[PDB]
C-alpha cells in the first residue's frame, strides 16, 4: 500500500487504505474515513471507571464509557487546531509558499496550478470555516499544511481535505 505524508514535515497524514478522491482537478484530495463508536464488551474495571462498592448487594454506579470519532483521526493521531479568518489569509500564503517553493525545486511546472488552486480552494473553505476544521498530523507542524475535516452530503461520512502539491506518497508494504 501507499502512504500520504505532508511535503513539509513528511509525516504520513494518511494512506491509500481509505477512499481518496482528487478534488479541485487534482489540486486537493478528500480522504473518506468513518466514525467509529465504542460501547461494547462485557468487562469493567477500575482502570476505566466503576465505583467502590462496600455495602448493599443491589447497587450500580454506572461507568458510562463511550468512545466515538473518525477512524483515520484515531489511527493517524490527527490533531485539530484553531485559526481565525484573517490569520488563515496569512496562513495560506505561508503554507502555500512552503509547498510552492519546494515544488519549484521539484515540479516548478506544477507551482502555477497550485497557486491558483490554493487561493481558490482556500476561499471556498473560508466561506464555511464554521463547517471545516483544521487538522494536522501527530506532529502538528505550523509551517506545514492543514487538514480540513468535513462530512459528506449525508453529514455522516467524515472526509479530510489534503493538498496534493503539498503532499508526497510512499509505497511501503513491509
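Indices start at 1 and increase along the chain as displayed.
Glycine is treated like the rest: Cβ placed from N, Cα and C.
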Which residue among 46, 82 does Swiss-Prot mark as phosphoserine?
46
Swiss-Prot annotation phosphoserine: which of 37, 53 has it?
53
Rounded distance in angstrom between the Cα atoms of residue 53 (phosphoserine) and residue 46 (phosphoserine):
12
Between the Cα atoms of residue 64 (phosphoserine) and residue 46 (phosphoserine), what distance do you get, rounded to the nearest Å?
13
